[PDB]
Amino acid sequence: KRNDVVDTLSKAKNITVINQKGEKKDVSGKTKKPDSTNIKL
Amino acid sequence: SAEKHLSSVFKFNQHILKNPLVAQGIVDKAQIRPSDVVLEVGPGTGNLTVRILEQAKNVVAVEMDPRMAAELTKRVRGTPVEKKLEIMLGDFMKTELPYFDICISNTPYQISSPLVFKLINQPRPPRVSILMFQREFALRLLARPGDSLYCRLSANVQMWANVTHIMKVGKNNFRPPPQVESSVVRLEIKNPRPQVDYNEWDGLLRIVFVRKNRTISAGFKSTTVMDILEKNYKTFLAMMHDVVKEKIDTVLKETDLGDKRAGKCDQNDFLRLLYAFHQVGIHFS
Amino acid sequence: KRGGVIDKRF
Amino acid sequence: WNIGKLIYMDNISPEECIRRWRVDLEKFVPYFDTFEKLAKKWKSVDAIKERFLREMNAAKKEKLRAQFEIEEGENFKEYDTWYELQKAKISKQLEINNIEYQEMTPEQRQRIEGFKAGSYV
Amino acid sequence: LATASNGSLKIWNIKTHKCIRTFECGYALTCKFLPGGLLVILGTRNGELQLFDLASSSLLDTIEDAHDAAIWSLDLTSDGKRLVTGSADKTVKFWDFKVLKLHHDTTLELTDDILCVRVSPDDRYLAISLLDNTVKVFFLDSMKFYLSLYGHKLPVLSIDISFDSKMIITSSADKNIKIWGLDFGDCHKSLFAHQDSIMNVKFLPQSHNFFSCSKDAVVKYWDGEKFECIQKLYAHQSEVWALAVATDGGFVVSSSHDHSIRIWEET
Amino acid sequence: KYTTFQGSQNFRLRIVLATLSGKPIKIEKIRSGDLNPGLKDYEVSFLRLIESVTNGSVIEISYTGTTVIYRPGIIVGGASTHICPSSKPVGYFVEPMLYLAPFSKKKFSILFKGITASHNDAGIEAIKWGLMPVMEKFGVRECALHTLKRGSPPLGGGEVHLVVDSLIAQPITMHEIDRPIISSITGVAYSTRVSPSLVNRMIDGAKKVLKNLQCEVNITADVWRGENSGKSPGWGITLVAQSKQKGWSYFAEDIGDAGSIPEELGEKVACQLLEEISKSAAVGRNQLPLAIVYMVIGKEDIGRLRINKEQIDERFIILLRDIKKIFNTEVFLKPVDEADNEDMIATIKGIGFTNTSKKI
Amino acid sequence: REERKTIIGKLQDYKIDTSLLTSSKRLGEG
């Protein structure tokens with residue numbers, strides 16, 4: 001039944017996963033989300 | 001690849017309340033304003049979380065069991081309060097938490113002591129927090145000077161916040177019934193934070209609470225207390241064992257604190273002790 | 001319901 | 001120019017009334033002075049401070065005695081039965097009515113209270 | 001037509017398409033051209049402000065220490081008496097012409113460097129861009145902060161002010177063009193117009209509609225009312241660095257990394 | 001026959017007083033000399049609201065619209081919805097219902113739709129924290145104004161729900177002869193369809209004026225965004241001075257237009273509140289009309305309310321003349337014995353009104 | 001409290017960093 005619930009977590013968008021290192025990532029495993037010269041040049 | 005990442009952070013390995021009044025009482029004593037965002041620790045199924053969401057602009061739920069987070073997700077899916085719930089899954093003692101005005105927690109007892117200070121040290125802390133602790137740990141927080149349970153934890157927490165008992169929760173109120181009784185307390189963090197160094201207050205509190213029912217003078221008689229303190233004085237001069245002995249003697253004599261017991265001392269008494277060492281150049285930490 | 005507004009304005 | 005009489009003489013206009021002894025309720029927000037003038041007027045918080053909350057030891061305690069009366073002293077102010085309490089409230093209210101009427105002038109009193117019972121009319 | 005690049009300043013007649021006058025200069029970042037065709041102002045990365053007169057065919061005055069950092073943008077008031085300078089120095093500086101030389105009158109501190117400066121056609125207020133992704137609008141008469149525009153994902157590259165002065169459009173590296181209502185600081189709409197960063201967006205004079213030019217070499221016409229691309233016209237093979245619109249709005253010019261200058265005129 | 005009134009002055013009160021008194025009235029010469037004579041659109045809307053919550057009332061409008069004859073019925077209340085024309089905000093229509101809501105056969109549950117603020121009418125925060133607490137002092141234990149959606153001008157689109165659960169026979173007699181001591185200043189700052197910075201900027205302005213005070217200041221930031229934030233952007237603040245000793249409150253409110261600086265408005269409203277506290281003794285002037293009306297309709301008993309001299313302005317006089325024409329009650333004024341201040345005590349004998357519509 | 005206010009206010013006059021100061025946590029090392 002663990003697989004049946006894991007899809008629910010991935011199904012929902014308003015879930016943020018915290019790893020051991022403390023960063024915030026989405027269920028899929030990707031991190032959920034300047035130099036002056038570079039931006040204008 | 002949801003299983004790929006969630007399995008790398010969890011292995012997918014609790015006493016559940018069944019008394020509706022305490023949950024209703026907890027939310028009622030929160031006195032949640034409509035324009036307040038609530039950090040909820042230990043949402044569980046969501047019985048407390050749903051009630052908070054009704055009266056809250058936003059609710060941030062933090063969970064440790066991926067099982068229980070989904071049941072929160074399923075309970076609230078396709079509901080008007082779905083947009084107002086954000087679930088953070090994983091350890092939250094390491095992560096820098098967001099802004100929140102109130103904290104309602106069915107807190108895990110293992111992280112009870114870290115949690116109380118994380119709120120206190122949280123920048124711009126919550127104005128009121130309804131936390132549910134065990135009798136032993138809670139009674140230490142509520143312990144007053146001169147009482148048997150008066151301790152370092154009481155002295156440290158009491159000066160950064162005021163803690164007040166709300167209700168008592170019996171072990172029958174949960175199943176499987178825990179071996180210890182439970183309680184609910186309200187923590188009000190002081191604004192502004194009393195301007196005393198966090199380290200210095202701990203430093204003085206610790207050396208005198210090694211034996212709370214023993215005289216403060218004796219607490220400084222230990223050889224290592226002199227050595228750790230002597231070097232601290234060498235730090236003061238950089239930017240002498242007999243001298244630091246004499247300096248300690250004058251402070252305890254002049255403040256008339258050398259003959260009393262840490263278990264029977266108030267905030268002011270330690271503050272005066274904290275000063276008299278600063279004047280003579282001794283800084284604990 | 002009894003009574004109401006009678007508007008004879010042209 | 002007692003305002004009590006000025007109010008009820010319909011012939012005098014209200015604008016005529018105000019000046020002698022010294023616009024409409026559709027506008028809920030009341031009239032006020034210009035912003036910059038108000039800012040200058042309230043540059044300091046004086047003139048209102050009363051409204052907001054071996055010898056010097058005595059000087060502290062009267063301030064704090066009064067503060068205790070203000071802060072939490074309303075919970076501390078005894079009839080045997082609940083019936084006596086209700087009767088006490090009524091009797092106190094009737095007692096208050098008498099004092100105001102005893103203060104009151106006879107020609108005014110009949111205007112407010114009317115012809116009390118016992119009057120031959 | 002006034003053309004500015006590194007170490008060179010070129011003036012091009014429209015009909016001839018040939019350079020009437022060539023002016024030596026520095027690493028000019030922005031070019032501005034006073035009313036009446038008497039003068040042109042160039043701002044260099046080195047910090048110098050270069051002023052030329054077409055009749056003189058030479059520089060009048062240079063102020064190397066006008067801005068310690070680069071003058072990343074420059075604009076003029078409608079009267080032309082005050083010159084608005086936005087630089088990497090984190091300070092907006094105002095230069096007032098006197099008889100001709102320029103003297104500094106007032107400076108405005110800011111938390112970040114200035115990407116662009118835009119003075120309204122009505123001259124009531126000045127809009128400032130900064131690196132923190134935030135646009136701020138100051139009253140020009142009083143130099144008091146009026147309102148902010150928040151929420152941009154990446155810094156705004158260009159700010160233009162509509163003729164009615166009710167709306168401004170902020171073009172940012174996030175690739176979304178946002179129109180903002182100044183009366184209350186709301187974003188009426190946001191459009192992902194270009195696949196790459198959008199440099200410049202200009203209101204057509206007397207028209208809410210605007211052109212836009214981006215790094216991916218696509219230049220588009222957008223209707224203010226419909227809020228959709230009127231016309232997609234693609235000519236350049238490289239990044240279109242800047243775009244300028246005629247006072248009448250008859251013709252519009254764009255410059256690309258290919259060194260080709262194209263004149264766009266409605267039929 | 002009919003008690004006659006002239007002009008549109010205190011239009012809603014004259015209607016409200018008639019409904020409470022049950023005496024038929026006539027209002028004539030309503031904007032006779034104006035180019036557009038007769039009732040405005042929202043005035044007619046108000047009469048429709050009166051008809052909805054009452055039963056058996058006869059209301060007629062002259063063929064020219066300049067004269068109205070009102071024969072009140074009984075207050076019945078019930079559940080209904082009212083669409084408020086843009087010419088006035090919801091607060092204009094919610095305010096008169098407060099005078100009648102506690103005195104109905106059935107509880108008032110009225111859903112109001114329209115603009116939710118203006119420069120000249122009570123706001124939600126005024127009613128919620130400035131007027132309803134006064135009713136609570138008069139014995140209306142359960143009263144609430146829920147805000148479902150905020151609608152700022154000119155498009156509005158808000159939604160506010162009025163629920164008055166308490167149905168009482170008549171107001172308790174008022175006895176307030178002392179100047180309340182203010183314990184703290186509280187308020188709510190709100191904005192719609194705009195960034196939170198605007199709210200944070202007003203509170204900065206308000207705190208600037210009020211920081212000198214010796215009492216706590218805590219102004220709530222209520223930022224409204226999304227579907228429930230209405231159709232137009234807008235922002236405003238309300239500051240309330242609270243005296244926990246006896247549950248008395250003083251408030252001021254204004255909203256920002258296009259071209260204004262939030263810090264200035266926060267400074268003005270914070271500067272504004274201090275003016276009201278100086279001019280007030282027991283109730284604020286914007287609260288006085290509600291306080292006076294409740295006292296006259298109490299039991300046949302003498303209630304006492306302390307009022308400052310500043311509160312006796314043109315608005316106050318016309319209220320006491322309108323009330324006499326209906327209820328024949330005269331408000332008496334006596335000087336206070338103190339010399340530190342020049343307040344006076346308003347003594348009013350209630351007309352012995354009783355809520356006869358209610359089921360028993 | 002007023003006595004507390006003097007002490008905490010006076011504490012500002014005598015305040016120093018803790019970076020090099022070894023905490024009392026070292027007490028048990030001996």
# chains A, B, ... in the order shown; residues from 1 in each chain; ligands from 1
>>> residues_around(residues="residue 38 in chain B", least_positions_apart="6", cutoff="9 Å", atoms="only C-alpha atoms", output="PyMOL selection string")
chain B and resi 32+52-53+56-61+99-104
>>> residues_around(residues="range 10-26 of chain G", least_positions_apart="3", cutoff="12 Å", atoms="only C-alpha atoms", output="ChimeraX atom specification")
/B:194-210,220,224-239,271-285 /G:3-7,29-30
>>> write_last_selection(atoms="C-alpha atoms", output="PDB file, in the first residue's frame")
ATOM      1  CA  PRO B 194      15.430  40.751  26.988  1.00  0.00           C
ATOM      2  CA  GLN B 195      18.855  42.027  25.970  1.00  0.00           C
ATOM      3  CA  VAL B 196      21.116  39.539  27.727  1.00  0.00           C
ATOM      4  CA  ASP B 197      23.676  37.375  25.957  1.00  0.00           C
ATOM      5  CA  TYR B 198      22.265  33.915  25.301  1.00  0.00           C
ATOM      6  CA  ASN B 199      25.613  32.324  26.143  1.00  0.00           C
ATOM      7  CA  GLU B 200      26.319  34.358  29.287  1.00  0.00           C
ATOM      8  CA  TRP B 201      22.938  33.525  30.823  1.00  0.00           C
ATOM      9  CA  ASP B 202      23.475  29.816  30.149  1.00  0.00           C
ATOM     10  CA  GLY B 203      27.047  29.961  31.426  1.00  0.00           C
ATOM     11  CA  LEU B 204      26.103  31.313  34.847  1.00  0.00           C
ATOM     12  CA  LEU B 205      22.999  29.129  35.082  1.00  0.00           C
ATOM     13  CA  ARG B 206      24.890  25.914  34.364  1.00  0.00           C
ATOM     14  CA  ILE B 207      27.752  26.209  36.858  1.00  0.00           C
ATOM     15  CA  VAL B 208      25.310  26.978  39.692  1.00  0.00           C
ATOM     16  CA  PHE B 209      22.779  24.275  38.716  1.00  0.00           C
ATOM     17  CA  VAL B 210      25.244  21.368  38.879  1.00  0.00           C
ATOM     18  CA  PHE B 220      32.404  27.467  42.298  1.00  0.00           C
ATOM     19  CA  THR B 224      37.515  22.678  36.805  1.00  0.00           C
ATOM     20  CA  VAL B 225      35.176  25.612  37.452  1.00  0.00           C
ATOM     21  CA  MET B 226      38.243  27.646  38.397  1.00  0.00           C
ATOM     22  CA  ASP B 227      40.216  26.442  35.364  1.00  0.00           C
ATOM     23  CA  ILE B 228      37.482  27.065  32.785  1.00  0.00           C
ATOM     24  CA  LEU B 229      36.828  30.428  34.435  1.00  0.00           C
ATOM     25  CA  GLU B 230      40.498  31.375  34.838  1.00  0.00           C
ATOM     26  CA  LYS B 231      41.169  31.085  31.109  1.00  0.00           C
ATOM     27  CA  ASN B 232      38.021  33.111  30.448  1.00  0.00           C
ATOM     28  CA  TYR B 233      39.661  35.887  32.470  1.00  0.00           C
ATOM     29  CA  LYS B 234      42.877  35.457  30.484  1.00  0.00           C
ATOM     30  CA  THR B 235      40.677  36.143  27.454  1.00  0.00           C
ATOM     31  CA  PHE B 236      39.438  39.358  29.045  1.00  0.00           C
ATOM     32  CA  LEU B 237      42.997  40.594  29.593  1.00  0.00           C
ATOM     33  CA  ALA B 238      44.238  39.427  26.181  1.00  0.00           C
ATOM     34  CA  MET B 239      41.895  41.723  24.239  1.00  0.00           C
ATOM     35  CA  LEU B 271      21.061  38.800  37.113  1.00  0.00           C
ATOM     36  CA  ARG B 272      22.741  40.463  40.096  1.00  0.00           C
ATOM     37  CA  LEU B 273      25.202  37.575  40.235  1.00  0.00           C
ATOM     38  CA  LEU B 274      25.706  37.972  36.491  1.00  0.00           C
ATOM     39  CA  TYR B 275      26.560  41.656  36.950  1.00  0.00           C
ATOM     40  CA  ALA B 276      28.922  41.348  39.901  1.00  0.00           C
ATOM     41  CA  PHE B 277      31.188  39.058  37.875  1.00  0.00           C
ATOM     42  CA  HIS B 278      31.127  41.409  34.883  1.00  0.00           C
ATOM     43  CA  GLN B 279      32.258  44.324  37.061  1.00  0.00           C
ATOM     44  CA  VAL B 280      35.242  42.323  38.336  1.00  0.00           C
ATOM     45  CA  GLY B 281      36.017  41.259  34.759  1.00  0.00           C
ATOM     46  CA  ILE B 282      34.799  37.645  34.859  1.00  0.00           C
ATOM     47  CA  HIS B 283      32.625  36.604  31.904  1.00  0.00           C
ATOM     48  CA  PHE B 284      31.182  33.092  31.867  1.00  0.00           C
ATOM     49  CA  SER B 285      30.149  32.796  28.218  1.00  0.00           C
TER      50      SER B 285
ATOM     51  CA  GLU G   3      15.236  46.738  40.002  1.00  0.00           C
ATOM     52  CA  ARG G   4      15.527  44.293  37.098  1.00  0.00           C
ATOM     53  CA  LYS G   5      15.369  47.180  34.629  1.00  0.00           C
ATOM     54  CA  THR G   6      18.392  48.873  36.203  1.00  0.00           C
ATOM     55  CA  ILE G   7      20.472  45.688  36.095  1.00  0.00           C
ATOM     56  CA  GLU G  29      36.203  17.531  31.092  1.00  0.00           C
ATOM     57  CA  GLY G  30      38.462  17.967  34.122  1.00  0.00           C
TER      58      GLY G  30
END
>>> select_by_dssp(residues="chain D", states="alpha helix (DSSP H)", output="count of residues only")
66
>>> interface_residues(of="chain A", to="chain E", cutoff="9 Å", atoms="only C-alpha atoms", output="count of residues only")
6
>>> closest_atom_pairs(of="chain F", to="chain E", cutoff="9 Å", atoms="only C-alpha atoms", output="JSON lines")
{"residue": "F:193", "atom": "CA", "partner": "E:186", "partner_atom": "CA", "distance": 6.6}
{"residue": "F:194", "atom": "CA", "partner": "E:186", "partner_atom": "CA", "distance": 5.6}
{"residue": "F:195", "atom": "CA", "partner": "E:150", "partner_atom": "CA", "distance": 6.8}
{"residue": "F:197", "atom": "CA", "partner": "E:148", "partner_atom": "CA", "distance": 8.0}
{"residue": "F:198", "atom": "CA", "partner": "E:147", "partner_atom": "CA", "distance": 8.0}
{"residue": "F:233", "atom": "CA", "partner": "E:184", "partner_atom": "CA", "distance": 6.4}
{"residue": "F:234", "atom": "CA", "partner": "E:184", "partner_atom": "CA", "distance": 7.1}
{"residue": "F:235", "atom": "CA", "partner": "E:184", "partner_atom": "CA", "distance": 8.9}
{"residue": "F:257", "atom": "CA", "partner": "E:184", "partner_atom": "CA", "distance": 8.2}
{"residue": "F:258", "atom": "CA", "partner": "E:183", "partner_atom": "CA", "distance": 4.8}
{"residue": "F:259", "atom": "CA", "partner": "E:183", "partner_atom": "CA", "distance": 6.1}
{"residue": "F:260", "atom": "CA", "partner": "E:146", "partner_atom": "CA", "distance": 7.6}
{"residue": "F:261", "atom": "CA", "partner": "E:146", "partner_atom": "CA", "distance": 5.9}
{"residue": "F:262", "atom": "CA", "partner": "E:146", "partner_atom": "CA", "distance": 8.5}
>>> write_last_selection(atoms="N, CA and C atoms", output="tab-separated table (two decimals), in the first residue's frame")
chain	number	residue	atom	x	y	z
F	193	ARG	N	-5.66	43.57	-4.03
F	193	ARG	CA	-5.10	43.47	-5.37
F	193	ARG	C	-3.76	44.19	-5.50
F	194	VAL	N	-3.08	44.47	-4.39
F	194	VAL	CA	-1.81	45.18	-4.41
F	194	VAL	C	-0.82	44.45	-3.51
F	195	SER	N	0.44	44.87	-3.59
F	195	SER	CA	1.50	44.21	-2.88
F	195	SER	C	1.36	44.44	-1.37
F	197	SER	N	3.50	45.50	0.56
F	197	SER	CA	4.32	46.63	1.00
F	197	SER	C	3.46	47.82	1.40
F	198	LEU	N	2.36	48.05	0.68
F	198	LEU	CA	1.51	49.19	0.98
F	198	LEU	C	0.97	49.11	2.41
F	233	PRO	N	-8.30	47.56	-7.12
F	233	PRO	CA	-7.31	47.70	-6.04
F	233	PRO	C	-7.66	48.86	-5.13
F	234	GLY	N	-7.40	48.67	-3.84
F	234	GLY	CA	-7.64	49.70	-2.86
F	234	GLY	C	-6.97	49.35	-1.55
F	235	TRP	N	-6.85	50.36	-0.69
F	235	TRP	CA	-6.18	50.18	0.59
F	235	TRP	C	-6.61	51.26	1.56
F	257	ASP	N	-6.95	57.00	-1.90
F	257	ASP	CA	-7.31	57.17	-3.29
F	257	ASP	C	-6.07	57.07	-4.17
F	258	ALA	N	-6.28	57.21	-5.48
F	258	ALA	CA	-5.16	57.25	-6.41
F	258	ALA	C	-4.38	58.55	-6.24
F	259	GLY	N	-3.06	58.43	-6.11
F	259	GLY	CA	-2.20	59.59	-5.95
F	259	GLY	C	-1.79	59.89	-4.52
F	260	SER	N	-2.12	59.03	-3.57
F	260	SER	CA	-1.80	59.24	-2.17
F	260	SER	C	-0.66	58.33	-1.74
F	261	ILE	N	0.03	58.74	-0.68
F	261	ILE	CA	1.15	57.99	-0.12
F	261	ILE	C	0.65	57.21	1.09
F	262	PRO	N	0.88	55.90	1.16
F	262	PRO	CA	0.36	55.15	2.32
F	262	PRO	C	0.88	55.67	3.66
>>> interface_residues(of="chain B", to="chain A", cutoff="6 Å", atoms="only C-alpha atoms", output="mmCIF file with N, CA and C atoms, in the first residue's frame")
data_model
loop_
_atom_site.group_PDB
_atom_site.id
_atom_site.type_symbol
_atom_site.label_atom_id
_atom_site.label_comp_id
_atom_site.auth_asym_id
_atom_site.auth_seq_id
_atom_site.Cartn_x
_atom_site.Cartn_y
_atom_site.Cartn_z
ATOM 1 N N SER B 1 9.405 9.579 -10.861
ATOM 2 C CA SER B 1 10.437 9.038 -9.986
ATOM 3 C C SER B 1 10.232 9.514 -8.549
ATOM 4 N N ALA B 2 8.965 9.616 -8.139
ATOM 5 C CA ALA B 2 8.664 10.030 -6.772
ATOM 6 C C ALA B 2 9.241 9.047 -5.762
ATOM 7 N N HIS B 5 13.121 9.588 -4.959
ATOM 8 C CA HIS B 5 13.594 10.622 -4.046
ATOM 9 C C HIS B 5 13.041 10.437 -2.637
ATOM 10 N N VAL B 9 15.158 9.820 1.149
ATOM 11 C CA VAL B 9 15.076 10.646 2.346
ATOM 12 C C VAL B 9 14.291 9.975 3.469
ATOM 13 N N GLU B 86 -0.019 24.283 3.329
ATOM 14 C CA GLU B 86 1.285 23.927 2.783
ATOM 15 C C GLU B 86 1.907 22.891 3.704
ATOM 16 N N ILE B 87 2.217 21.720 3.158
ATOM 17 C CA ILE B 87 2.726 20.598 3.937
ATOM 18 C C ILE B 87 4.221 20.475 3.679
ATOM 19 N N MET B 88 5.015 20.598 4.741
ATOM 20 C CA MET B 88 6.454 20.376 4.689
ATOM 21 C C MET B 88 6.750 19.025 5.330
ATOM 22 N N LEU B 89 7.303 18.104 4.547
ATOM 23 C CA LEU B 89 7.564 16.744 5.000
ATOM 24 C C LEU B 89 9.056 16.563 5.251
ATOM 25 N N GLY B 90 9.396 16.084 6.442
ATOM 26 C CA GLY B 90 10.770 15.857 6.841
ATOM 27 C C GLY B 90 11.118 16.607 8.112
ATOM 28 N N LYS B 94 16.215 21.319 11.541
ATOM 29 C CA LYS B 94 17.356 21.809 10.779
ATOM 30 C C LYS B 94 16.975 22.901 9.788
ATOM 31 N N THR B 95 15.774 22.839 9.220
ATOM 32 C CA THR B 95 15.363 23.827 8.231
ATOM 33 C C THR B 95 15.012 25.150 8.897
#
>>> closest_atom_pairs(of="chain B", to="chain F", cutoff="9 Å", atoms="only C-alpha atoms", output="JSON lines")
{"residue": "B:34", "atom": "CA", "partner": "F:222", "partner_atom": "CA", "distance": 8.4}
{"residue": "B:35", "atom": "CA", "partner": "F:222", "partner_atom": "CA", "distance": 5.6}
{"residue": "B:36", "atom": "CA", "partner": "F:222", "partner_atom": "CA", "distance": 8.9}
>>> residues_around(residues="range 112-115 of chain D", least_positions_apart="3", cutoff="8 Å", atoms="only C-alpha atoms", output="compact mmCIF listing (two decimals) with C-alpha atoms, in the first residue's frame")
# COMPACT_ATOMS: atom_id res chain seq x y z
CA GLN D 108 -38.04 70.61 34.02
CA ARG D 109 -38.94 67.51 35.97
CA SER D 119 -50.79 64.07 40.96
CA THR F 329 -38.17 62.63 24.74
CA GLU F 330 -35.91 65.49 25.81
CA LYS F 349 -35.44 58.77 30.35
>>> residues_around(residues="range 30-37 of chain D", least_positions_apart="5", cutoff="8 Å", atoms="only C-alpha atoms", output="ChimeraX atom specification")
/F:268,285-286
>>> write_last_selection(atoms="N, CA, C and O atoms", output="CSV table (one decimal), in the first residue's frame")
chain,number,residue,atom,x,y,z
F,268,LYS,N,-1.9,60.3,9.0
F,268,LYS,CA,-3.1,61.1,9.2
F,268,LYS,C,-4.1,60.4,10.1
F,268,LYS,O,-4.5,60.9,11.1
F,285,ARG,N,-17.7,60.6,18.7
F,285,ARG,CA,-18.8,61.3,18.1
F,285,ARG,C,-19.4,60.5,17.0
F,285,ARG,O,-20.7,60.4,16.9
F,286,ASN,N,-18.6,59.7,16.2
F,286,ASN,CA,-19.2,58.8,15.3
F,286,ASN,C,-20.0,57.6,15.9
F,286,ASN,O,-20.8,57.0,15.3
>>> interface_residues(of="chain F", to="chain D", cutoff="8 Å", atoms="only C-alpha atoms", output="PyMOL selection string")
chain F and resi 9-12+119-122+179-183+212-215+245+253+268+271-272+274-275+277-278+285-286+301-302+313-315+317-318+320-321+329-330+332-333+349
>>> residues_around(residues="range 3-20 of chain E", least_positions_apart="3", cutoff="9 Å", atoms="only C-alpha atoms", output="PDB file with C-alpha atoms, in the first residue's frame")
ATOM      1  CA  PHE E  23      32.197  61.454 -33.063  1.00  0.00           C
ATOM      2  CA  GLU E  24      34.953  59.821 -31.035  1.00  0.00           C
ATOM      3  CA  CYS E  25      33.923  58.698 -27.549  1.00  0.00           C
ATOM      4  CA  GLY E  26      34.371  55.957 -24.955  1.00  0.00           C
ATOM      5  CA  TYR E  27      32.531  52.743 -24.127  1.00  0.00           C
ATOM      6  CA  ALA E  28      29.181  54.507 -24.424  1.00  0.00           C
ATOM      7  CA  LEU E  29      26.346  52.606 -22.747  1.00  0.00           C
ATOM      8  CA  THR E  30      23.332  54.865 -23.363  1.00  0.00           C
ATOM      9  CA  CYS E  31      22.688  57.662 -25.854  1.00  0.00           C
ATOM     10  CA  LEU E  42      26.520  59.702 -24.093  1.00  0.00           C
ATOM     11  CA  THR E  44      30.332  55.622 -20.668  1.00  0.00           C
ATOM     12  CA  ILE E 263      14.177  51.107 -40.328  1.00  0.00           C
TER      13      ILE E 263
END
